[PDB]
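Only one structure is covered here, and it is reproduced in the block below.
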Ligand SMILES: CCCn1c(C2CCNCC2)nc(-c2ccc(Cl)c(Cl)c2)c1-c1ccnc(NC2CCCCC2)n1
Ligand SMILES: Nc1ncnc2c1ncn2[C@@H]1O[C@H](COP(=O)(O)OP(=O)(O)NP(=O)(O)O)[C@@H](O)[C@H]1O
């Protein structure tokens with residue numbers, strides 16, 4: 045196919061449409077390799093993600109298929125939007141790779157976490173994550189795995205969530231809600247805990263709960279926030295309830311102690329620091345029955361200054388062989 049050309053990207057070969065030029069590797073993960081490129085047709089820089097045989101197993105396949113479908117069943121500036129999708133392969137028999145194209149972003153939220161932000165930028169980023177999550181919820185999509193490596197930003201402070209969230219692979227749990235860690239039921243505000251973890255990390259410049267596994271994760275949570283109420287214990291399955299109730303007890307630390315003044321000059325900034333800590337205290341709540349909702353977070357004074365109805369109330373959205392065919396059909400449309 046004359047429309048495509050191949051480029052060497054590390055150990056991988058990127059076979060892309062000739063419109064994408066000066067391919068440069070910008071990162072990789074378990075799912076695929078990402079390049080920056082110049083799109084000569086749009087006269088814009090783009091990010092190109094290659095999915096190598098996404099149908100290779102149930103985990104890669106479910107994710108690739110669910111993401112391809114959801115990216116069409118979603119329309120919001122704080123959620124990933126595709127510019128293009130293609131395969132260099134001509135037939136289902138030859139089908140191997142899927143290439144996804146979107147606007148090139150400047151940095152991920154990890155990089156943003158490593159810097160000091162003022163309250164306008166910090167509140168604007170959090171407002172955008174909430175707008176993004178609210179849009180997902182309105183379509184019945186509850187993320188459950190928001191993390192800063194899957195959130196990208198531009199120099200103008202605009203933000204996008206790259207994925208749609210939630217089993218053997220031949225993964226980052228730090229932002230997962232207690233009700234996800236403990237196999238409890240969950241509602242929309244499961245995503246509010248992850249936003250709290252991210253916000254807390256934006257302020258501390260350190261992962262709040264850096265667990266090597268779910269056991270370690272649960273200990274780091276209780277060591278800082280304290281042992282949850284008996285009413286929370288009442289919602290756990292007997293086995294999880296016995297394990298959680300037999301863990302070493304902790305009174306927990308107060309939010310001024312957790313996020314000291316040292317982490318936050322002018323009167324404006326003093327008031328905003330007070331409001332940021334109040335919002336952190338409402339999101340970083342173990343019990344989802346007592347944790348603030350996405351709607352109430354958007355009405356919080358720290359966030360409310362950015363409130364725009366057009367952004368908050370935007371119009372709402385197998386075997387290896389079967390997955391191969393389902394993914395191929397989605398790519399071909
Ligand atoms: C590669 C850096 C960030 N990124 C990732 C990561 C996410 C965490 N796991 C590893 C990959 N996926 C995409 C991405 C996700 C979905 C699609 Cl469809 C496309 Cl094409 C790209 C982008 C990205 C997206 C846009 N711009 C950028 N820009 C980089 C530039 C260098 C600094 C980090 C951000 N990365
Ligand atoms: N906020 C963080 N601070 C520091 N290190 C982190 C943080 N989050 C994740 N990491 C590390 O960054 C590395 C990449 O993590 P991650 O982006 O979650 O994986 P991934 O394969 O790129 N995800 P995906 O694209 O969804 O398949 C791992 O070594 C993590 O332990």
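In UniProt numbering, the protein residues as written are 45 to 210, 217 to 220, 225 to 318, 321 to 373, 385 to 400.
For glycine and all other residues, C-beta sits at the position ideal for the given N, C-alpha and C.
**Request:** With a cut-off of 8 Å on the beta carbons, I'd call residue 76 and residue 96 a contact; round off their distance for me.
**Result:** Counting from one through the chain shown, the residue named residue 76 turns up at place 32. Counting from one through the chain shown, the residue named residue 96 turns up at place 52. Indeed they touch by this definition, with Cβ atoms about 7 Å apart.
**Item:** Own chain partners of residue 277 with C-beta closer than 7 Å, once the 5 adjacent residues on each side are dropped
**Value:** Counting from 1 along the chain shown, the entry for residue 277 is found at position 223. Same-chain partners within the cutoff: 304.
**Request:** Using alpha carbons as the reference points, say which of 134, 88, 160, 154 lies closest to residue 127.
**Result:** Here residue 127 is taken as the residue at index 83 of the chain shown, counted from 1. Distance check between residue 127 and each of 134, 88, 160, 154 places 88 closest, using alpha-carbon atoms only.
**Asked** Just checking my contact of residue 240 with residue 249 at CB under 8 Å: how many whole Å lie between their CB atoms?
**Response** Counting from one through the chain shown, the residue named residue 240 turns up at place 186. Counting from one through the chain shown, the residue named residue 249 turns up at place 195. Not a contact, Cβ separation roughly 14 Å.
**C-beta contact flag for residue 143 and residue 68 at 9 Å** = Residue mapping note: residue 143 aligns to position 99 of the chain shown, counting from 1. Residue mapping note: residue 68 aligns to position 24 of the chain shown, counting from 1. No, they are not a contact pair.
**Item:** Residue nearest to residue 354 in terms of C-alpha spacing, selected from 172, 59, 191
**Value:** Sequence index remark: in the chain shown, residue 354 carries index 298 (1-based). With distances taken between Cα atoms, residue 354 lies closest to 172.
**Message:** In this structure, how does DSSP classify residue 103 when only helix, strand and coil are distinguished?
**Reply:** Counting from one through the chain shown, the residue named residue 103 turns up at place 59. Correct three-state label for residue 103: helix.
**Prompt:** Between which two residues does the beta strand (DSSP E) harbouring residue 69 extend?
**Reply:** The residue you call residue 69 lines up with position 25 of the chain shown. Element bounds for residue 69: 64-72.
**Asked** Which full runs of the beta strand (DSSP E) of 3+ residues lie inside the segment 121-180, going along the chain?
**Response** Qualifying beta strand (DSSP E) stretches, in chain order: 128-130, 141-147.
**Asked** By a C-beta neighbour count over all protein chains shown, 10 Å radius and 16 as the cutoff for buried, is residue 185 buried or exposed?
**Response** Here residue 185 refers to the residue found at position 141 of the chain shown. Counting Cβ neighbours within 10 Å, residue 185 comes out buried, since at least 16 surround it.
**Request:** Name the two residues that bound the continuous alpha helix (DSSP H) containing residue 395.
**Result:** Taking the chain shown and counting its residues from 1, one reaches residue 395 at position 328. Its alpha helix (DSSP H) spans residues 387-399.
**Request:** Determine, using beta-carbon pairs with one atom in the segment 292-309 and one in the segment 187-203, whether at least three such pairs fall under 8 Å.
**Result:** With the cut-off at 8 Å, the segment 292-309 and the segment 187-203 do not touch.
**Asked** Could you give the distance in angstroms between the alpha-carbon of residue 73 and the alpha-carbon of residue 323?
**Response** In the chain shown, the residue the question calls residue 73 occupies position 29. In the chain shown, the residue the question calls residue 323 occupies position 267. The straight-line gap from Cα to Cα measures roughly 43 Å.
**Residues near residue 271 by beta carbon distance below 8 Å, same chain, minus five either side** = As a working mapping, residue 271 is identified with position 217 in the chain shown. Correct list, in chain order: 227, 228, 230, 235, 263, 265.
**Request:** Look at the alpha carbon of residue 91 and the alpha carbon of residue 78, and state the distance between them as a whole number of angstroms.
**Result:** Taking the first residue of the chain shown as 1, we reach residue 91 at position 47. Taking the first residue of the chain shown as 1, we reach residue 78 at position 34. Pairing residue 91 with residue 78, the inter-Cα distance amounts to about 7 Å.
**Message:** Between residue 150 and ligand 1, is there a pair consisting of the residue's CB and a ligand heavy atom that are separated by less than 8 Å?
**Reply:** Along the chain shown, one-based indexing puts residue 150 at 106. It does: the Cβ of residue 150 is within 8 Å (strictly closer) of some heavy atom of ligand 1.
**Spatial neighbours of residue 247 in its chain, beta-carbon cut-off 6 Å, leaving aside the 5 residues before and after** = Counting from one through the chain shown, the residue named residue 247 turns up at place 193. For residue 247, where only same-chain residues beyond five positions count, the Cβ hits under 6 Å are 231.
**Prompt:** Among all the DSSP beta bridges, which residues are the ones paired with residue 235?
**Reply:** Here the question's residue 235 lines up with position 181 in the chain shown. Beta-bridge partners of residue 235 (DSSP): none assigned.
**Item:** C-beta atoms of residue 112 and residue 387 nearer than 9 Å
**Value:** Here the question's residue 112 lines up with position 68 in the chain shown. Here the question's residue 387 lines up with position 320 in the chain shown. If you check the CB distance, residue 112 and residue 387 do not come in under 9 Å.
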